[PDB]
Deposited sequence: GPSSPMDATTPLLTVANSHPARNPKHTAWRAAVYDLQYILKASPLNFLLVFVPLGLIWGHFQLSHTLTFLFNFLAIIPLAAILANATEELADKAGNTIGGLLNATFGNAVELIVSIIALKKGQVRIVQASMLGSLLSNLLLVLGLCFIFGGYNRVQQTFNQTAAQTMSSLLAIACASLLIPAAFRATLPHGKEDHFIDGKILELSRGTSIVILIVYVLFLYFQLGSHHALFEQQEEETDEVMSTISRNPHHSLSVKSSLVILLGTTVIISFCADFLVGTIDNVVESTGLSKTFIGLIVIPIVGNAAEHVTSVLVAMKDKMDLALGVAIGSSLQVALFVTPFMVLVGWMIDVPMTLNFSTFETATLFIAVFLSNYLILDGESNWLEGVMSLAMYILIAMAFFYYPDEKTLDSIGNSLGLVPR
């Protein structure tokens, strides 16, 4: 049984993962990257390969964190819950790709604020008059997110509004990151302590809806079974991430796309696509609050943990990772933050709110497509 039960446990993980059909790009990604066949396809194949792995790793992390206990479980979600964003950004930092990391962090927020928002409102609202989410955990978390993004943008808004200064921007970003990371710890105490019931119920509800859609009885993987998949999926992602990051300069050169565009629009898809599909499917079950909850939760991690931690990592390995986003990026994120929060606060969405949000994201991507590289 110890062999055949391990097989079923693997089946349970794959069947709980939305876009598992893209796993076919894992060997292709590995082949192309290792043999260094063609840069553009090496980018694309690994790009496609990490997407299902993120979901696989997420379900492994979640299954492990459940039996890990309160304190440790939260640390696992801080770590392996953000692994894709973490791994890719760390590898990118180790190759001096500061702009890529900066754009990917902000882009991840943009995608969660506008893109998945639009998709959820469209797919959930096309066959309904409206969808309500008043007085839900989604609105609560949304308020926190509004402050989180604003805080993260402060050093950027600072440099943008300036009338030597190089070392001070670095010092400000690093001091800011310490503060935000203190907040993140308190956010964990909020999440796992005083308001544990709020997040727990939202998590259980989301799992229940996902089990309904995925159509497989909830099976709790053993610590051993989940830890293998966890460390297994992680090393594969690392390989694919390394290949993907190693081709950035070439893809930038072969195509006409800037590092900013690739970082802001392309890269975030990697760690969000699986979660986005999840959010959409839940929204179609007329449970927008849960759908929004997933997207808002991921944004909180990027804003409160991943982004400031990356500047800390940069400090450790002597790469000048900063919160010094471009002026347009700064302005854009502020726009997205206002609107998303306004839309989430109005309490009722429709399919048109989704069309327009989606259109705006496209318009932003279109604008960033014209953003100058030199």
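Next item on the list: Just jot down which stretches of the deposited chain sequence have no CA coordinates, in the order they come.
Entry: Holes in the chain trace, numbered from 1: 1 to 26, 190 to 195, 407 to 421.
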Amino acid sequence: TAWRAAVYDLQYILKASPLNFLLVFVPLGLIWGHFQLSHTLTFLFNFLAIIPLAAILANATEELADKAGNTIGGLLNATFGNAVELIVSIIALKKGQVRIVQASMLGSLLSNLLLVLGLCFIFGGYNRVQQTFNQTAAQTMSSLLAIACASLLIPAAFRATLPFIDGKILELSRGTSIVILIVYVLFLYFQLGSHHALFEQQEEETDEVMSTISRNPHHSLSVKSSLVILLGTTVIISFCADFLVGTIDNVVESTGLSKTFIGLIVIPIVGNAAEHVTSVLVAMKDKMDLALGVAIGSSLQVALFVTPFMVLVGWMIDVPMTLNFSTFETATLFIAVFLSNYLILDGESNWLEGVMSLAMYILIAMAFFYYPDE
From here on, numbers count along this sequence of modelled residues.
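Next item on the list: Higher average CA B factor in the deposited record is what I'm after, so tell me if that's 27 to 35 or 55 to 63.
Entry: Per the deposited B-factors, the answer is 55 to 63.
Next item on the list: Read off the CA B-factors in the entry, average them over 66 to 74 and over 320 to 328, and name the higher stretch.
Entry: The deposited B-factors put 66 to 74 ahead on the C-alpha mean.
Checklist line | Member of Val228, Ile91, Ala274, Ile267 with the greatest C-alpha B factor (per the PDB record) | finding: Result of the comparison over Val228, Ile91, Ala274, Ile267: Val228.
Notebook entry, point to check: Taking the values straight from the PDB record, which of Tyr184, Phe199, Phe121, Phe243 has the highest C-alpha temperature factor?
Noted result: Spelled out: the listed residue with the top C-alpha B-factor is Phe199.
Item checked: Modelled-residue ranking by C-alpha temperature factor, third containing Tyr126 -> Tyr126: CA B-factor falls in the lowest third of its chain.
Next item on the list: Tell me, lowest, middle or highest third: where does the Cα B factor of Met310 rank within its chain?
Entry: Ranked within chain, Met310 CA B lands in the lowest tercile.
Notebook entry, point to check: Ranked by Cα temperature factor within the chain, is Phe190 in the lowest third, the middle third or the highest third?
Noted result: For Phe190, the deposited C-alpha B-factor lands in the middle third.
Item checked: Third of the chain's Cα B-factor distribution that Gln301 belongs to, per the entry -> Lowest third - that is where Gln301 ends up once the chain's C-alpha B-factors are sorted.
Check: With respect to C-alpha B-factor, does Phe80 fall in the lowest, middle or highest third of the chain as deposited?
Finding: Highest third of the chain for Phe80's C-alpha B-factor.
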